[PDB]
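Participant: Let me begin by handing over the structure; questions about it come next.
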Amino acid sequence: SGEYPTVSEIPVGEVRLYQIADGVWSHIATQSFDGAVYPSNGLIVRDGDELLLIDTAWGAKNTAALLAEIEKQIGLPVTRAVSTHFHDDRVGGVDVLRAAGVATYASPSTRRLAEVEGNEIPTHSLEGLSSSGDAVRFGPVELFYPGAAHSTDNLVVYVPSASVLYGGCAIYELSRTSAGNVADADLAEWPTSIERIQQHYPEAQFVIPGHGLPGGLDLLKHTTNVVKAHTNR
Ligand SMILES: [Zn+2]
Ligand SMILES: [Zn+2]
Ligand SMILES: [Zn+2]
């Protein structure tokens with residue numbers, strides 16, 4: 001609760017946690033590219049007496065700090081992590097997680113793409129997500145493959161107990177009014193994929209983008225608007 005952490009509050013290589021609801025936090029880290037600093041969010045979901053992590057904190061150093069920060073602020077073991085797509089902001093740091101005894105998971109689609117890209121590859125495979133609209137339970141969350149959007153493999157994560165939808169990088173914060181990196185995106189399918197998310201999680205109360213400030217379900221329509229504008233450039 002209180003003010004959501006921004007790059008302001010986060011020195012290079014450090015991580016802040018933010019409690020969204022009982023037993024649900026986001027993690028916020030920063031990375032430089034092209035002379036600008038960007039924030040990046042992931043999720044932490046309490047799983048009985050242990051923790052499920054969604055996404056790395058974008059690199060080995062940040063990910064080591066994330067674990068130290070969890071160890072300091074929450075004090076429960078991270079037993080499993082899921083990466084929501086193959087790019088380095090989601091899997092960069094997987095080796096760090098693995099060395100700390102976290103079981104790292106991604107879909108076969110993400111694992112294959114990470115391999116092709118020369119990125120870190122989560123060890124464990126998540127079955128049953130290969131077709132658009134597929135959902136699978138994973139402890140205290142549901143994993144959902146809405147179809148291609150920011151990437152062909154992107155997953156979204158819902159915490160049914162707290163009504164928290166984590167859209168990852170397929171969903172943009174309201175402040176982002178122009179598309180980010182779309183090299184790997186399927187612009188043609190992105191709005192349909194968003195429509196699947198909307199139809200599957202109409203009860204979501206909190207929506208967390210890959211980057212920047214949380215909001216509500218309006219972030220889905222906002223993303224659609226931004227992607228369509230880019231499509232029509
Ligand atoms: Zn990406
Ligand atoms: Zn294992
Ligand atoms: Zn991202």
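Scheme for the structure tokens: letters A, B, ... for chains in order shown; per-chain residue numbers from 1; ligand numbers from 1 in order shown.
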Can you list every residue of chain A that has an atom at most 6 Å from ligand 3, with its nearest atom pair and the distance in Å to one decimal, using only C-alpha atoms and all ligand atoms, ordered by chain then number, as CSV?
Facilitator:
residue,atom,partner,partner_atom_place_in_ligand_line,distance
A:89,CA,ligand 3,1 (Zn),5.6
A:169,CA,ligand 3,1 (Zn),4.4
A:210,CA,ligand 3,1 (Zn),5.0
Participant: Within 7 Å of ligand 2, which residues of chain A show up? Give each one with its shortest atom-to-atom distance in Å (one decimal) and the two atoms involved, counting only C-alpha atoms and all ligand atoms, rows by chain then rising residue number, as a Markdown table.
Facilitator:
| residue | atom | partner | partner_atom_place_in_ligand_line | distance |
| --- | --- | --- | --- | --- |
| A:103 | CA | ligand 2 | 1 (Zn) | 4.7 |
| A:123 | CA | ligand 2 | 1 (Zn) | 6.8 |
| A:124 | CA | ligand 2 | 1 (Zn) | 6.4 |
Participant: Suppose we keep N, CA and C atoms; can you now write the selection as a PDB file, in the first residue's frame?
Facilitator:
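New file out.pdb:
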ATOM      1  N   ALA A 103      13.194 -23.927  -8.230  1.00  0.00           N
ATOM      2  CA  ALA A 103      12.794 -24.627  -9.457  1.00  0.00           C
ATOM      3  C   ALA A 103      12.205 -23.615 -10.450  1.00  0.00           C
ATOM      4  N   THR A 123      14.441 -24.419 -16.113  1.00  0.00           N
ATOM      5  CA  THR A 123      14.678 -25.866 -16.164  1.00  0.00           C
ATOM      6  C   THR A 123      13.419 -26.685 -16.478  1.00  0.00           C
ATOM      7  N   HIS A 124      12.318 -26.368 -15.796  1.00  0.00           N
ATOM      8  CA  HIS A 124      11.114 -27.182 -15.796  1.00  0.00           C
ATOM      9  C   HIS A 124      10.126 -26.685 -16.861  1.00  0.00           C
TER      10      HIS A 124
END
Participant: Taking only C-alpha atoms and all ligand atoms and a cut-off of 7 Å, can you tell me which residues surround ligand 1, written as a short mmCIF file (atom, residue, chain, number, x, y, z; two decimals) with N, CA, C and O atoms, in the first residue's frame?
Facilitator:
data_model
loop_
_atom_site.label_atom_id
_atom_site.label_comp_id
_atom_site.auth_asym_id
_atom_site.auth_seq_id
_atom_site.Cartn_x
_atom_site.Cartn_y
_atom_site.Cartn_z
N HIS A 85 7.65 -14.80 -20.42
CA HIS A 85 8.02 -14.95 -21.83
C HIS A 85 9.55 -15.05 -21.91
O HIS A 85 10.21 -14.96 -20.87
N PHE A 86 10.09 -15.22 -23.12
CA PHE A 86 11.47 -15.66 -23.33
C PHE A 86 12.50 -14.54 -23.28
O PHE A 86 13.68 -14.84 -23.28
N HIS A 87 12.08 -13.25 -23.18
CA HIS A 87 13.04 -12.18 -23.33
C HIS A 87 13.80 -12.00 -22.01
O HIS A 87 13.36 -12.48 -20.97
N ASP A 89 14.29 -9.65 -19.89
CA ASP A 89 13.73 -9.06 -18.68
C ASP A 89 12.93 -10.06 -17.86
O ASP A 89 12.66 -9.79 -16.68
N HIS A 150 2.64 -9.42 -27.14
CA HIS A 150 4.00 -8.89 -27.11
C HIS A 150 5.01 -9.92 -27.63
O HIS A 150 6.00 -9.58 -28.26
N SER A 151 4.71 -11.19 -27.41
CA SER A 151 5.51 -12.29 -27.96
C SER A 151 4.58 -13.48 -28.24
O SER A 151 3.42 -13.52 -27.79
N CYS A 169 4.32 -8.45 -19.98
CA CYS A 169 4.69 -7.44 -20.97
C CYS A 169 3.69 -7.32 -22.13
O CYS A 169 3.79 -6.44 -23.01
#
Participant: Using only C-alpha atoms, pick whichever of A:25, A:144, A:58, A:18 has the shortest atom-to-atom distance to residue 193 of chain A.
Facilitator: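 So, comparing all the options, the nearest one is A:144.
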Participant: Residues near residue 164 of chain A, anyone? I mean within 9 Å using only C-alpha atoms, not counting same-chain ones fewer than 4 positions away, as a list in words.
Facilitator: residues 20, 21, 24, 157, 158, 159, 160, 204, 205, 206, 207 and 208 of chain A
Participant: Set the distance at 8 Å and use only C-alpha atoms: which residues neighbour residue 27 of chain A once local chain neighbours fewer than 2 positions away are removed? I'd like the list as a VMD selection string.
Facilitator: chain A and resid 15 to 18 25 29 41 to 44 57 66
Participant: Those same residues, written as a compact mmCIF listing (two decimals), in the first residue's frame with C-alpha atoms?
Facilitator:
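As a result, again-v2.txt now contains:
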# COMPACT_ATOMS: atom_id res chain seq x y z
CA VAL A 15 14.88 -4.06 -5.85
CA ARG A 16 11.79 -2.88 -3.93
CA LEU A 17 8.80 -5.01 -2.99
CA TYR A 18 5.25 -3.71 -2.95
CA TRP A 25 3.52 -8.50 -3.83
CA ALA A 29 13.72 -3.41 -10.48
CA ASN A 41 7.72 -5.54 -12.44
CA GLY A 42 7.28 -9.17 -11.46
CA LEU A 43 5.00 -10.88 -8.93
CA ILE A 44 5.43 -12.81 -5.66
CA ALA A 57 14.18 -8.91 -11.97
CA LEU A 66 15.51 -9.62 -5.37
Participant: I'd like the neighbourhood of segment 224-231 of chain A as a PyMOL selection string, where a residue qualifies if any of its atoms comes within 9 Å (using only C-alpha atoms), though same-chain residues fewer than 5 positions away should be ignored.
Facilitator: chain A and resi 171-172+176-179+187-188+190-192+194-195+219
Participant: Print the selection's residues with N, CA and C atoms to a file, as a PDB file, in the first residue's frame.
Facilitator:
ATOM      1  N   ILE A 171       0.758  -6.387 -21.434  1.00  0.00           N
ATOM      2  CA  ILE A 171      -0.114  -5.272 -21.025  1.00  0.00           C
ATOM      3  C   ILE A 171       0.732  -4.033 -20.702  1.00  0.00           C
ATOM      4  N   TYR A 172       0.294  -2.851 -21.186  1.00  0.00           N
ATOM      5  CA  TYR A 172       1.057  -1.629 -20.975  1.00  0.00           C
ATOM      6  C   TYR A 172       0.415  -0.784 -19.874  1.00  0.00           C
ATOM      7  N   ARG A 176       2.136   4.721 -20.726  1.00  0.00           N
ATOM      8  CA  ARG A 176       2.781   4.375 -21.975  1.00  0.00           C
ATOM      9  C   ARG A 176       1.749   4.516 -23.086  1.00  0.00           C
ATOM     10  N   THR A 177       1.964   5.524 -23.918  1.00  0.00           N
ATOM     11  CA  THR A 177       0.939   5.829 -24.888  1.00  0.00           C
ATOM     12  C   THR A 177       1.413   5.474 -26.300  1.00  0.00           C
ATOM     13  N   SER A 178       2.616   4.890 -26.406  1.00  0.00           N
ATOM     14  CA  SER A 178       3.144   4.401 -27.665  1.00  0.00           C
ATOM     15  C   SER A 178       3.771   3.023 -27.416  1.00  0.00           C
ATOM     16  N   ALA A 179       3.736   2.136 -28.426  1.00  0.00           N
ATOM     17  CA  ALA A 179       4.214   0.761 -28.277  1.00  0.00           C
ATOM     18  C   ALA A 179       5.705   0.718 -27.941  1.00  0.00           C
ATOM     19  N   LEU A 187       1.328  -8.252 -33.852  1.00  0.00           N
ATOM     20  CA  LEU A 187       0.424  -7.107 -33.804  1.00  0.00           C
ATOM     21  C   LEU A 187      -0.958  -7.524 -34.316  1.00  0.00           C
ATOM     22  N   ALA A 188      -1.007  -8.438 -35.283  1.00  0.00           N
ATOM     23  CA  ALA A 188      -2.290  -8.827 -35.862  1.00  0.00           C
ATOM     24  C   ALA A 188      -3.191  -9.536 -34.849  1.00  0.00           C
ATOM     25  N   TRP A 190      -2.535  -9.465 -31.310  1.00  0.00           N
ATOM     26  CA  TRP A 190      -2.499  -8.871 -29.980  1.00  0.00           C
ATOM     27  C   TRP A 190      -3.883  -8.466 -29.454  1.00  0.00           C
ATOM     28  N   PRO A 191      -4.750  -7.718 -30.179  1.00  0.00           N
ATOM     29  CA  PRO A 191      -6.040  -7.342 -29.584  1.00  0.00           C
ATOM     30  C   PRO A 191      -6.983  -8.514 -29.310  1.00  0.00           C
ATOM     31  N   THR A 192      -6.942  -9.535 -30.168  1.00  0.00           N
ATOM     32  CA  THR A 192      -7.727 -10.744 -29.939  1.00  0.00           C
ATOM     33  C   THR A 192      -7.254 -11.442 -28.663  1.00  0.00           C
ATOM     34  N   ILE A 194      -5.874  -9.960 -26.169  1.00  0.00           N
ATOM     35  CA  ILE A 194      -6.301  -9.168 -25.035  1.00  0.00           C
ATOM     36  C   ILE A 194      -7.765  -9.481 -24.744  1.00  0.00           C
ATOM     37  N   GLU A 195      -8.542  -9.699 -25.823  1.00  0.00           N
ATOM     38  CA  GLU A 195      -9.965  -9.996 -25.665  1.00  0.00           C
ATOM     39  C   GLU A 195     -10.152 -11.306 -24.889  1.00  0.00           C
ATOM     40  N   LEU A 219      -6.510  -1.175 -18.103  1.00  0.00           N
ATOM     41  CA  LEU A 219      -5.220  -1.323 -18.772  1.00  0.00           C
ATOM     42  C   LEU A 219      -5.322  -2.229 -20.003  1.00  0.00           C
TER      43      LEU A 219
END
Participant: DSSP on the backbone: which residues in segment 26-221 of chain A end up as alpha helix (DSSP H)? Give the answer as an NGL selection string.
Facilitator: :A and (60-73 or 88-91 or 94-99 or 108-117 or 190-200 or 218-221)
Participant: Considering only C-alpha atoms, can you say which of A:60, A:170, A:54, A:12 comes closest to residue 105 of chain A?
Facilitator: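 Counting only C-alpha atoms, the residue closest to residue 105 of chain A is A:54.
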Participant: State, in Å with one decimal place, the distance from atom CA of residue 31 of chain A to atom CA of residue 90 of chain A.
Facilitator: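 Separation of atom CA of residue 31 of chain A and atom CA of residue 90 of chain A: 12.2 Å.
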Participant: May I have the residues within 10 Å of residue 67 of chain A as a list in words, using only C-alpha atoms and disregarding those fewer than 3 positions away in the same chain?
Facilitator: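 Counting only the stated atoms, we get residues 15, 53, 56, 57, 62, 63, 64, 70, 71, 72, 73, 75, 77, 78, 96, 97 and 100 of chain A.
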Participant: Using only C-alpha atoms, find the one residue out of A:223, A:203, A:216, A:120 that sits nearest to residue 180 of chain A.
Facilitator: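 Looking only at the distances to residue 180 of chain A, the closest residue turns out to be A:223.
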Participant: Rounded to one decimal in Å, what is the spacing between atom CA of residue 182 of chain A and atom CA of residue 152 of chain A?
Facilitator: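 These two atoms are separated by 11.1 Å.
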